[PDB]
Protein chains: 2
Amino acid sequence: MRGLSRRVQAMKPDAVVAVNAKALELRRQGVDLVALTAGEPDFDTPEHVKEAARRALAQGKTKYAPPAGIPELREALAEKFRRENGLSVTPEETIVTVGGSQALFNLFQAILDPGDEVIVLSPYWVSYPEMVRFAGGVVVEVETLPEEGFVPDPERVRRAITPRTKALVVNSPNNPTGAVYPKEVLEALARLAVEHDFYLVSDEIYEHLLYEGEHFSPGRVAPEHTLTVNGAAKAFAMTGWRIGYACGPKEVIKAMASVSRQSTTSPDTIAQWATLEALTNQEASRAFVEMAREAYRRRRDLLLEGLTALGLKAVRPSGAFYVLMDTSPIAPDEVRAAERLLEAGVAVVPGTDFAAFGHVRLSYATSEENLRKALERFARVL
Amino acid sequence: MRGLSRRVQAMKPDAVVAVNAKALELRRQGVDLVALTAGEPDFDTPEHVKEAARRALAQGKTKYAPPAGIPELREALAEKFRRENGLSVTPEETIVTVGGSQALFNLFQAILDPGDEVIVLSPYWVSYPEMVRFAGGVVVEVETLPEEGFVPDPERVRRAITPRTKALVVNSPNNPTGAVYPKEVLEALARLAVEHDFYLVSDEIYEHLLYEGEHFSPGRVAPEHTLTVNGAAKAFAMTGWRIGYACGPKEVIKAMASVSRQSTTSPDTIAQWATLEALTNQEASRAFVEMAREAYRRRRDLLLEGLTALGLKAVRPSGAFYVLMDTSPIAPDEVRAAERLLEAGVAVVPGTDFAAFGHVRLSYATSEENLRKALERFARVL
Ligand SMILES: Cc1ncc(COP(=O)(O)O)c(CN[C@@H](Cc2c[nH]c3ccccc23)C(=O)O)c1O
Ligand SMILES: Cc1ncc(COP(=O)(O)O)c(CN[C@@H](Cc2c[nH]c3ccccc23)C(=O)O)c1O
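Residues numbered from 1 in each chain as written, not as in the entry; some residues may be left out. Chains lettered and ligands numbered in written order. Heavy atoms only, no water.

What the entry reports as its method is X-ray crystallography, with 3.3 Å given for the resolution.

Quick look at the structure:
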């Protein structure tokens, strides 16, 4: 006959793509609002990366690359993972995907079989459930109270494990909470993964925007269970470039590569080479990051002081560039609250799809002047 | 527990990807062969496309693009479809995927539900079945005789339709045969699609590398059923860039866009703006194609002459850059035949996965002095 699939019909739109369009036609019509929806860093990607891309175009590095990505990058990848993380992977247990998304997607398609349960920790990033389910998974979620600073309690994460449980998904530095879990909790969870025998999917990516704490990887602890997902996007201001990467069990990272070969065929060649440089040129990249962090950090202190001065309540993030604000007095729920704020010319993303009810996700990853302006517009609404 | 899925385990490796690696350690050890495994044009991509890319880097066009691709490209896309094809789509009924592969993938994930049958005509391009099945489809295949020069006979394609039947997939100018189906057969096939009610998936792509015939699109005929898939790769020597596109029913084109948002998030920004230029700068592109065409046409004739002279049998392609050679006198089957040829230092791809048994796929998309040598090496094998 004709008609769409159950899976596609069944899937929810987007918390953030929504607020974006509904800016532009408010913003497209005179009304200038301030937009704190941001997932991307205001900074432009580094000149040596841009450079390297140019070098590739020139050399004619424009043909089909391997499904798992170019050797040079995989090789350089297995190295960042050791140097920076203590993971001890070889280039065969490394893969470069079309962004950290394609990694998370191709992962769940390789493990997840229908009815398999994936434990997920709320407040959580919008897409985990969508993609768990798209594969035929079953989201089994565990809350993380704000009083206990949004860091998982091992004991209860334990009492969510069932014989159908196939994966646990931990993300530190946290989006949308900004929390950064201590070593011995990643230690703890990594252990339940080994104990009950199921993968542990760690979405590291925000590792470098770390203001206060120490970033621990569980793949140091449970290497034959852990799947460590990272990407170029957030650290190197390379979101539009579309490059992410991962490492773990040789076998699953080839199930992944074969989905990749039939879905995208292989990431855009130019960008691979461009990434190779951000990775191999320590000294240059070491500085961009260094500049970006302290940068976001001052905005992080700006938002929070003005926010707290205003009366609004929020959890001081230690990493990433998000802040879940308590819309409690600005409205009675997080949706009418959201509109009230769009009315004060400031686009926020409702905590609804993150299971962060009665909260809205602020983003200081934009300008110093938008946090000053957005904080002024909040001020009047109150 | 732990282990891979029944979908990933179940998939077969790659016919072409195999021959490639197995060159390189034969190649990568003294032995130079002649590799007619080629899917890519030996020409490098046009300089105005390269420059447009540079122009984007410069302009800092490096942030997240929308899931369906940038507006400018969508609008420019909808035009190429009208102008060059007669399909009257609006940019909303247009989408830019991460290659023609991702389009074909995201498509079947949007229509195809488990047990749904997809008619596919053999000889056929390796990946169609692979990805019909990955989604939960059921390949139902129809043979096309070489005596009838590999063009489908609508009547028998008719008697393969069952109430399970959800899509038909035609690709002219054909994948490994090189055939280009007549106006009234695409007309015929497009008709059944409407009559019996089921989508028609047209994999046009090779439209521009046509030597003798006229490229007809069925979306002219059955616009509410057809899903027209094309891409930058083959025409503009842009394989490595990773960019493809499609058009059709506004509904399945955003079911598609919705998968895209969670699989790739969106194609590589730089390559979008690079493509926009190839699409809008007519005069420049109009010439590269013109050059490439006649180029491939001559190699197409060199190969055919020398092959015909040598005694070997083959079907005179009218489009694309493949030729399905009859390994009949080179060995008793198409796989031992394949090896006897790697012996004479010439890598071919066995017709086995294309359901082109007793045939082997040569590809004149390489040099005029590779056809010369490869033809020489065939000669010696006798
Ligand atoms: C925790 C997390 N994991 C992965 C990704 C995607 O990484 P990839 O390497 O695939 O690109 C993210 C990404 N992004 C944002 C999205 C977002 C928020 N506001 C936006 C405005 C415009 C465009 C995109 C926006 C997010 O965190 O919501 C994250 O965070
Ligand atoms: C008929 C047809 N449709 C789609 C594609 C894929 O196009 P996309 O825009 O996704 O890149 C193919 C093209 N080419 C090849 C497959 C092939 C050979 N060697 C390759 C290396 C890398 C990627 C793809 C390769 C083929 O016929 O062998 C086809 O043909």
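Participant: Honestly, the UniProt feature "binding site: L-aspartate" in chain A in this entry has me stumped. Any pointers?
Facilitator: Residue and element names in this part refer to chain A. According to UniProt, the "binding site: L-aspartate" feature falls on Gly39, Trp125, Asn175 and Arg361. A maximum C-alpha distance of 11.4 Å is found for the annotated residues, which run over 323 residues; spatially they form one tight group. In this structure, the second largest cavity is lined, among the annotated residues mentioned, by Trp125 and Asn175. Considering the arrangement of structural elements, one finds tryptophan 125 in the loop between β3 (117–122) and α6 (127–135). For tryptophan 125, a relative accessible area of 23% translates into the label partly exposed. Once residues within four sequence positions are removed from consideration, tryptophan 125 is found in contact with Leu104, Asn175, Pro176 and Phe354. Setting aside anything within four residues of it in sequence, one finds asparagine 175 in contact with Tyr124, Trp125, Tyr206, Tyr322, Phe354 and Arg361. Of note is the side chain of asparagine 175, whose polar atom sits 3.1 Å from the side chain of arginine 361. (UniProt positions renumbered as here; feature names shortened; annotations may be inferred. 1 Å grid on protein atoms, 1.4 Å probe; cavity = no way out; pocket = protein on both sides within 12 Å on 5 of 7 lines; lining within 4 Å. Helix = DSSP H or I, 4+ residues; strand = E, 2+ residues; numbered from the N terminus. Buried < 20%, exposed > 50% of the residue type's maximum accessible area, 1.4 Å probe, protein only. Contact = heavy atoms within 4.5 Å. Polar contact = N/O pair within 3.5 Å; in protein donor to acceptor, adjacent residues only side chain to side chain.)

Participant: Help me out: how do you make sense of the site of ligand 1 in this one?
Facilitator: What surrounds ligand 1 is a group of 20 residues, the closest being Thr37, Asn175, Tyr206 and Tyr322 of chain A together with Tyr64 of chain B. Ligand 1 sits at the junction of chains A and B, each of which supplies nearby residues. Note that a nitrogen atom of ligand 1 is positioned 3.5 Å from one of the backbone N or O atoms of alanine 38 of chain A. At 2.9 Å, a backbone N or O of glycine 39 of chain A approaches a nitrogen atom of ligand 1. Contact with the protein chains hides 91% of the accessible area of ligand 1, taken as 650 Å² for the molecule alone. (Near = heavy atom within 4 Å. Areas by Shrake-Rupley, 256 points an atom, 1.4 Å probe, with all protein chains shown as cover.)

Participant: What should I look at first to understand the sheet that holds strand β1 (residues 94–97) of chain B in this one?
Facilitator: Consider a sheet: its strands pair through backbone hydrogen bonds, and that pairing is either parallel or antiparallel. All names here are of chain B. Taken in spatial order, the seven strands make up an open sheet running β1-β7-β6-β5-β4-β2-β3, and their pairing is mixed. Only two strands of the sheet have a single partner each, and these edge strands are β1 and β3 (138–143). Mean inter-strand twist for the sheet, computed between neighbouring axes without regard to direction, equals 25°. Across the sheet, helix α5 (residues 99–110) touches β1, β2 (117–122), β4 (165–170), β5 (199–203), β6 (226–231) and β7 (244–247), and the angle it forms with β6 is around 155°. (Pairing = 2+ DSSP bridges. Axes fitted to C-alpha atoms, helices over the stretch in contact; angles between N-to-C directions.)

Participant: Honestly, the interface of chain A and chain B in this entry has me stumped. Any pointers?
Facilitator: Frequently, the measure chosen for interface size is the accessible area removed from exposure when the parts meet. Residue-level contacts link 69 residues of chain A with 68 residues of chain B. Taken together, the two surfaces of chain A and chain B that pack against each other cover about 5,800 Å², and 49% of this comes from carbon and sulfur. Among the residues of chain A in contact with chain B, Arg2, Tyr64 and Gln262 of chain A are the three that bury the most area, contributing 14% of the side total. Summed over the shared surface of chain A and chain B, the number is five salt bridges. Ionic pairing is found between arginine 2 of chain B and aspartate 197 of chain A, a salt bridge with its closest N-O pair at 3.2 Å. On the surface where chain A and chain B come into contact, there are 50 residue pairs in polar contact. Elements with a contribution of two residues or more to the side of chain A that touches chain B: α1 (6–9), α3 (47–59), α5 (99–110), α6, β5 (165–170) and α9 (255–263) of chain A. Here the residues of the side of chain A that touches chain B are counted per class, giving 30 nonpolar, 20 polar and 19 charged. (Buried area = accessible area lost by both parts, 1.4 Å probe. Salt bridge = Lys/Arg side-chain N within 4 Å of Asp/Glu carboxyl O. Nonpolar A, V, L, I, M, F, W, Y, C, P; charged D, E, K, R; others polar.)

Participant: Looking at this model, I keep getting lost on the pairing of strand β7 (residues 226–231) of chain A. Mind explaining?
Facilitator: Remember that side chains alternate between the two faces of the sheet whenever the strand is regular. Residues and elements named next belong to chain A. Of all the six residues making up β7, six are buried; the element is thus mostly covered by neighbouring parts of the structure. Residues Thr226, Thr228 and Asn230 of β7 are buried on one face, and the alternating residues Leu227, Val229 and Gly231, pointing to the opposite face, are buried as well. Judged from the four bridges that link them, strand β6 (residues 199–203) and β7 form a sheet pairing that is parallel. Its bridge partner lying in β7, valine 201 is registered against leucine 227. Of the strand pairs in this sheet, β7 and strand β8 (residues 244–247) are connected by four bridges, and their pairing is antiparallel. Paired with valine 229 across the bridge in β8 is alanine 246.

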